[PDB]
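Before any questions on how it binds or moves, here is one chain, the form deposited in one PDB entry, in structure tokens.
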């Protein structure tokens, strides 16, 4: 009943997350950057109808807000083989080219796994749901990711933008990783016996035995939920000696 014991920790019961201890993010532009407003290639009604519900949900959650901005990038209707279930995919390439680069601190999976001792064979794998959306964007940086949204009937006039770290932004992975590392620094200190690996939104908790893996997992779940993050109950792999993590199958300390 791991789900019932930690309602606030699961995306299924705790609602959309929000990293309350993290200050809204300010995105520095390169020294020569000036706003660019790229035209929206007219979208077919089909793509527009598949995307509508997603845009409405995001608006209700406050993840998206109306705005007027000198910046504007294309919205694209990416989908599965067919005409069913779409999703809003933004082309932030002209924006990415204009924001100042940061040192990529997220380690590659190979080097990250090398830090897993053979002594810790009891694993718990958690996948944070809508990770980037948990980090707020400072109002001064929000205009940067604006895009056009139209709907014949009543609703919005033109541009919408994000209030949270969006998808497609080149620095989202790194900024989320560093943010979660700051939020879990304490947890690592209070649990010296545990091994916690972080790869953006993919987490692996390692323990010496089955008990302290259960007690540690309870602790991480409690902590994650309190901090405003949300783990997917569906994918969760709790206290197993065999788990799927970052493409590998961990067992006997192999791979």
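Positions refer to the first chain, counted from 1. Rigid core: the largest C-alpha set superposing within 1.5 Å between the two forms.
What comes next is about the form deposited in another entry, which is not displayed.
Colleague: Overlay on the rigid core first, then point out the one of 105, 167, 140, 96 whose CA is displaced 2 Å or more between this form and the one not shown.
Modeller: With the rigid core fitted, the residue that moves is 105.
Colleague: Can we say the CA of residue 186 moves by at least 2 Å between this form and the one not shown when the core is superposed?
Modeller: After core superposition, the displacement of the residue 186 C-alpha between this form and the one not shown stays below 2 Å, so no.
Colleague: When the rigid core is used for the superposition, does residue 46 move between this form and the one not shown (threshold: C-alpha shift of 2 Å or more)?
Modeller: True for residue 46: a C-alpha shift of 2 Å or more.
Colleague: Do the C-alpha atoms of residue 167 and residue 106 sit closer or farther apart in the other entry than they do here, given a shift of 3 Å or more?
Modeller: Those two alpha carbons end up farther apart in the other entry.
Colleague: Relative to what's shown here, the Cα pair residue 231 and residue 80 differs by 3 Å or more in the other entry. Does it come closer or drift farther?
Modeller: More distant in the other entry, by 3 Å or more.
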